[PDB]
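First up is the structure itself, then whatever we jot down about it.
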Amino acid sequence: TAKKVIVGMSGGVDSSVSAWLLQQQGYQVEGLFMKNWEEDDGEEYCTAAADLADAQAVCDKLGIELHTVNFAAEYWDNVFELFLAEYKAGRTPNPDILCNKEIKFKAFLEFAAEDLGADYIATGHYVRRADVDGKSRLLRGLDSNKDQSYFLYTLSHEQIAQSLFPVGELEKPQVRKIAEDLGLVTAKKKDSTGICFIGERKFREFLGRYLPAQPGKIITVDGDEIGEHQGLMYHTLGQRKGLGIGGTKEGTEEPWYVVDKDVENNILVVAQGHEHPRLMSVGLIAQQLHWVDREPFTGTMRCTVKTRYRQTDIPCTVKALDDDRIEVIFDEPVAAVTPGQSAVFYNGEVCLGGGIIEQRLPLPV
RNA sequence: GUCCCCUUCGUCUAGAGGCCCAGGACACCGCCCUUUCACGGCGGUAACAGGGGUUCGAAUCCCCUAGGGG
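Here the first sequence is numbered in the authors' numbering, starting from 4 and rising by one per residue.
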């Protein structure tokens with residue numbers, strides 16, 4: 004009854020403990036590690052390698068064979084690649100929101116049984132799996148403010164059933180703690196950040212490495228020039244940084260925010276106030292529909308939906324808009340719904356799976 | 001080529017003799033937050049056009065050179 008589990012390890016405590024957890028549960032544990040990004044320069048690469056050490060070092064202090072892989076290939080092709088066009092089209096893609104659909108769960112898992120010959124797989128993901136009615140459902144896991152369900156909305160029960168998530172049963176604190184008392188090197192290590200598989204770094208310069216900058220002009224809700232523009236794909240609805248504005252005579256003395264990008268004319272509509280009308284919306288239309296349930300959705304649904312990782316369950320109503328498209332209707336208005344980002348709907352503990360935001364439902368005003 | 005009024009941190013400005021080694025907001029910066037991008041939170045840097053006066057005291061008074069005014 005003791006099966007083979009491959010815990011992907013990304014040098015983080017999460018993964019770490021996560022494994023030691025299965026270990027305890029019994030499962031013959033074996034960890035793997037993915038090299039999926041051809042290091043830009045060195046200061047980073049340095050890190051990259053380093054992580055692997057902490058990686059190994061953990062498996063070692065535990066007694067688990069750490070493997071290695073270079074899915075770097077797929078990544079760029081099946082992930083980064085798209086991630087680009089999306090931005091090129093002046094939209095805001097969630098790279099990580101796919102790390103999981105193409106690499107972490109498809110690719111990984113594949114190369115898990117076809118090679119590493121394992122049955123079950125496990126990520127460090129602070130989420131949670133629950134089987135019911137004979138189908139595997141995706142849950143959030145205690146400490147919602149620290150849950151990660153949002154990213155695994157593309158996952159589909161078949162995929163899930165095959166995976167295991169230790170941690171999603173614990174509380175973030177415990178996790179680090181355990182690792183501390185275990186002597187695990189990772190304990191007391193900043194929980195990453197930035198694109199999955201790629202190092203956290205100042206965006207602006209990074210995106211600049213794959214696209215040219217055509218500095219347009221920053222307009223205004225009241226239609227009137229005001230700021231420069233130094234590029235355009237470096238922004239997203241509701242953003243507030245990098246706008247220079249210092250207000251004038253008629254200025255609510257409050258911060259200015261994006262509120263609509265003008266792709267063609269290459270403009271940039273900016274308003275003032277994290278509440279301005281042009282900043283809110285009452286719903287949206289979502290394509291690229293993925294249901295954990297992986298079963299046809301027709302008709303109408305009543306639930307909640309996040310609109311950006313760590314947003315906040317916003318009660319809404321879902322109408323089966325079309326082929327794949329869906330019209331969501333926020334109970335109240337929503338702040339800066341941004342297309343491209345993924346909208347995930349939950350029915351309580353359960354994440355039903357989301358989709359890509361493609362249509363912003365403007366406020367009447 | 002006669003008498004008037006203007007000049008403050010990057011920006012918009014608080015300030016009408018001592019409480020201003022100049023205050024606020026927005027920006028810029030940093031940390032916190034955070035596996036996207038962002039929001040958010042907490043902090044930080046930075047200005048009296050310049051030179052003489054007058055007063056115990058001067059951003060605010062007078063006086064000289066650089067921006068608008070029937």
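Each residue gets a CB set at the ideal place from its N, CA and C atoms; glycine is no exception.
Bounding residues of the beta strand (DSSP E) (the contiguous stretch that carries residue i)
i              : result
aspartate 134  : 131 to 135
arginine 305   : 303 to 309
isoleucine 201 : That residue, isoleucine 201, is in no beta strand (DSSP E); it is neither H nor E in DSSP.
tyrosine 90    : No beta strand (DSSP E) holds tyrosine 90; the alpha helix (DSSP H) holding it covers 84 to 91.
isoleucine 124 : 123 to 125
Residue j beta carbon less than 8 Å from that of residue i
i                 : j              : result
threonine 310     : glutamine 344  : yes
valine 130        : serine 152     : yes
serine 166        : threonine 126  : yes
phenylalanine 168 : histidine 232  : no
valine 295        : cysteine 354   : yes
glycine 230       : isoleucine 270 : no
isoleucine 181    : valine 337     : no
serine 195        : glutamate 203  : yes
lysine 7          : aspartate 99   : no
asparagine 39     : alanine 75     : yes
residue 454       : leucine 85     : Nothing about residue 454 can be read from this structure; the chain reaches only from 4 to 368.
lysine 322        : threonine 303  : yes
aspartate 146     : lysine 175     : yes
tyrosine 30       : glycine 357    : no
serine 284        : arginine 363   : yes
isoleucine 124    : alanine 115    : yes
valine 331        : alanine 346    : yes
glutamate 335     : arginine 143   : no
Residue range of the alpha helix (DSSP H) that includes residue i
i             : result
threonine 50  : 46 to 65
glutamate 41  : Careful: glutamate 41 lies outside any alpha helix (DSSP H) and carries neither H nor E.
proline 176   : 175 to 185
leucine 25    : 16 to 28
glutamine 165 : 161 to 165
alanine 115   : 111 to 116
One or two residues paired with residue i in a DSSP bridge
i              : result
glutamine 291  : The partner list for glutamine 291 (beta bridge, DSSP) is empty, contrary to what the question assumes.
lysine 322     : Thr303 and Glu330
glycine 34     : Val10
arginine 363   : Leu287
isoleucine 317 : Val308
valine 72      : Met37
### Query
Taking the runs of the beta strand (DSSP E) that are 3 residues or longer, which of them lie wholly in the stretch 329 to 357?
329 to 338 and 345 to 350
#### Entry: Contact the stretch 99 to 119 vs the stretch 9 to 28: 3+ CB pairs below 8 Å
With a cut-off of 8 Å, the stretch 9 to 28 and the stretch 99 to 119 count as touching, because enough Cβ pairs lie within range.
### Query
Can at least three beta-carbon pairs, one atom from the stretch 287 to 297 and one from the stretch 230 to 250, be found at a separation below 8 Å?
no
### Message
Using a Cβ distance threshold of 8 Å, determine whether the stretch 46 to 64 contacts the stretch 90 to 100, with at least three qualifying pairs required.
### Response
no
### Message
Whether or not the stretch 69 to 76 and the stretch 34 to 49 are in contact is what I'm after, with contact meaning three or more pairs of Cβ atoms, one per stretch, closer than 8 Å; do they touch?
### Response
yes
### Message
As an exercise, report each continuous alpha helix (DSSP H) stretch of at least 4 residues that is fully enclosed by the stretch 133 to 158, in chain order.
### Response
none
### Message
Ignoring anything shorter than 3 residues, give me the beta strand (DSSP E) runs that lie fully in the stretch 208 to 285, in order along the chain.
### Response
259 to 263 and 272 to 275
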